[PDB]
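Listed next as structure tokens is one chain, alone, in the form deposited in one PDB entry.
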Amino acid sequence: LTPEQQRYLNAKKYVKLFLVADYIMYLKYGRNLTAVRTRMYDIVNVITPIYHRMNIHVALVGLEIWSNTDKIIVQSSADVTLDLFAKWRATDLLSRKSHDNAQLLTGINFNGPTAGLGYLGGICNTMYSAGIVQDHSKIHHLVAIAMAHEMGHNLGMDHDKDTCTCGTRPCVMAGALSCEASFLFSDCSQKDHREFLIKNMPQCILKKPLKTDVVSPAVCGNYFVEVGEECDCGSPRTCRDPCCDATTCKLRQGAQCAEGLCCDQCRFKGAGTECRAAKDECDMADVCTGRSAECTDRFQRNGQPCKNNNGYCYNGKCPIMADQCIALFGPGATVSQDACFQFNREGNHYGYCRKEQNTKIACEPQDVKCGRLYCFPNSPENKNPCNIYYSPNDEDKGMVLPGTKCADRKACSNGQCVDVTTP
């Protein structure tokens, strides 16, 4: 592995789940919205500890009930419904509520013995981080396991086969519905999922949700501080935090904090102390305010020469045209010769500098290095020296990232090559 891979695997995971309940669910629970939410909370309350054994904390960030009419056409075909649900999420849900993954809890019966369906490895994706689960049984922990199963597939896991085991009982990723299903993941799932994160490093599961963005009732002992709680270190038997009274999820007497790089023996660290040290050339070691328990990640002032003077620090990162190119057209790609950027002087369709409202502005002679990026899909053959990455859905994609080095001591700001405001 690499320094970034292993560093990622270590980071605590979080799945900001958005749950949707269809019109059949609303009817199923006697047209009582509270009853439908309580059902979803019960389900999440089971999913959460299940995913703790996988270094993931499922947090309910959104909830919606189609008590008026379904936003899509929920149907017997699991395939059609899933497709319809994902798209609706991509185009309607995400636009008004950010979240990492959505699950449709429907009361309809899917054709066949299947109780759910989901996109393999679609986690975090704006178009595929979705799954559908049939509220197939009165016993909610079984519905919970099914949803955890679909979430599993989203997380790169495949059905358990031959050798795979987790004990004397079926595991979450078992191929079919078994009422003896346990809450454990098999070694195989452990592995396939490990590999999966190693291969794609989905960024959205690193963001811990604010304790105020989590809409499910607080659960003391689920390893996550929620509204109404000062700390959560698990049950009293497993709680290792001496600052936390595990029984009440409240700080013990005399404690100001429990966790944080700015907490120490239940007390804030002195205003001045250093909590997090710089991770790279563009990051800067942080300090505690003596007042808060948290450590704000401050970065090295933007415009700081970085990556062997091939760019400049921009909010903790070092944007480089070369990286952008290899990121847009894969390995081997290189930045197009300078003459190619003259195409940004057209303000035509793909070549322009910025957007007033929706109207494209052409790059002035000195700003061509800040409009559309030009690369050379490196096959030494490729005759055409200029190539761009364009998207109809979002025209910004393919433009030179802000803060990108466009000349000595110069980086793009808003479609303009301007001098670093640093020495």
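Numbering starts at 1 and follows the sequence shown. Just so we're on the same page, rigid core means the largest C-alpha set that superposes within 1.5 Å between forms.
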### 149-157 versus 342-350 - which carries the larger mean C-alpha B factor in the record
342-350
### Query
In the PDB record, does 392-400 or 31-39 carry the higher mean Cα temperature factor?
392-400
### Query
When the CA B-factors of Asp297, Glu229, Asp187, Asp79 are compared as recorded in the entry, which is the largest?
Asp297
### Query
If you compare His99, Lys208, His140, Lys199, which has the highest Cα B-factor in the entry?
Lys199
### Within-chain third of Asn387 by Cα B-factor, per the entry
middle
### Task
Using the B-factor values recorded in the entry, state whether the Cα atom of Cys282 falls in the lowest, middle or highest third among the modelled residues of its chain.
highest
### Task
Using the B-factor values recorded in the entry, state whether the Cα atom of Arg291 falls in the lowest, middle or highest third among the modelled residues of its chain.
highest
### Task
Grab the CA temperature factor for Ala411 from the record and place it in the lowest, middle or highest third of its chain.
middle
### Message
Splitting the chain's C-alpha B-factors into thirds, which one does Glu180 fall into?
### Response
highest
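Although not depicted, the form deposited in another entry is the subject of the following passage.
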### Task
Choose, among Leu206, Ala271, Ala218, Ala322, the residue with a C-alpha displacement of 2 Å or more between this form and the one not shown when the rigid core is used for superposition.
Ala271
### Message
Given a superposition on the rigid core, I'd like a yes or no on whether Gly290 shifts its C-alpha by 2 Å or more between this form and the one not shown.
### Response
yes
### Query
Is the C-alpha displacement of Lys28 equal to or greater than 2 Å between this form and the one not shown once the rigid core has been superposed?
no
### Message
Aligned on the rigid core, do the two forms place the Cα of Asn310 2 Å or more apart, comparing between this form and the one not shown?
### Response
no
